[PDB]
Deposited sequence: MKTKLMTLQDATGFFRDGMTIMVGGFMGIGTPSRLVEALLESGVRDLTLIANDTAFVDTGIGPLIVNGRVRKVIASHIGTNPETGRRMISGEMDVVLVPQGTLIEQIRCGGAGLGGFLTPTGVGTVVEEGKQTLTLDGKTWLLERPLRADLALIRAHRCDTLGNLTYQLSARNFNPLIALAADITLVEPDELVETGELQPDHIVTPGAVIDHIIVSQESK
């Protein structure tokens, strides 16, 4: 048997306190909002969330933060969500701010199964990381980032999990699909295998574990 097919109700079973979860979406755009809602309703806490940003208090992973479900955020920008900053300053939540280009490479590094990469980026800046001197230059050594789970939004998805995306909504989605131990997809459209043009598939079904089969109606 072992189907990848499942419902939002089944999604609940994949959530547990303290897990690390990667979530797609750029400023809420391309965020698997239904999976995020299921995560919120599950009631799990002490989560570590990895995402491009914390969007707004009501979008992206904003609701999870506002409702106290998150212990740590790793993202590239939190300026548009005052609740993220507030919990950061109140000591209620740990926030690790990472430059976007570097955050993207760390997640890519984790999905590639590598041990780290050398960036010229951040040198002489704010430290805690080690430097490597190679040839004539100095480099900052950044480590890979992986997660227990990834919540992905896709445009089209076939029953095997091959995914395509719309430009704006793409962002972190294909990246995190490779860097999490278990991957859950919320597709705009679910179709039979063979229906997607192979030349345009972005994310291989091989890395997709579960697919939400319902439509928001």
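- Absent C-alpha positions map to the deposited sequence ranges 127-128, 220, in order along the chain.
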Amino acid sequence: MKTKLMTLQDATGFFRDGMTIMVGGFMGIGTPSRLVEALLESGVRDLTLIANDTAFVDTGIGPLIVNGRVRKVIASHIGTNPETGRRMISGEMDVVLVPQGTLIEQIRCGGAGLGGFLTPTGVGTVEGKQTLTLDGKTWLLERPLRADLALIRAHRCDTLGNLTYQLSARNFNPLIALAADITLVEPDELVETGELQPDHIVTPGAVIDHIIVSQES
From here on, numbers count along this sequence of modelled residues.
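- According to the PDB record, 134-142 carries the higher mean C-alpha B-factor of the two stretches 70-78 and 134-142.
- In this crystal structure, the stretch out of 206-214 and 4-12 whose C-alpha atoms carry the higher mean B factor is 4-12.
- In the PDB entry, a CA B factor belonging to the middle third of its chain's modelled residues is recorded for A55.
- In the deposited entry, the Cα temperature factor of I176 places it in the lowest third of its chain's modelled residues.
- Per the deposited record, the Cα B-factor of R170 falls in the middle third when ranked against the other modelled residues of its chain.
- Among the modelled residues of its chain, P32 has a C-alpha B-factor that falls in the lowest third, as given in the PDB entry.
- When the CA B factors of the chain's modelled residues are split into thirds, the value for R156 lands in the middle one.
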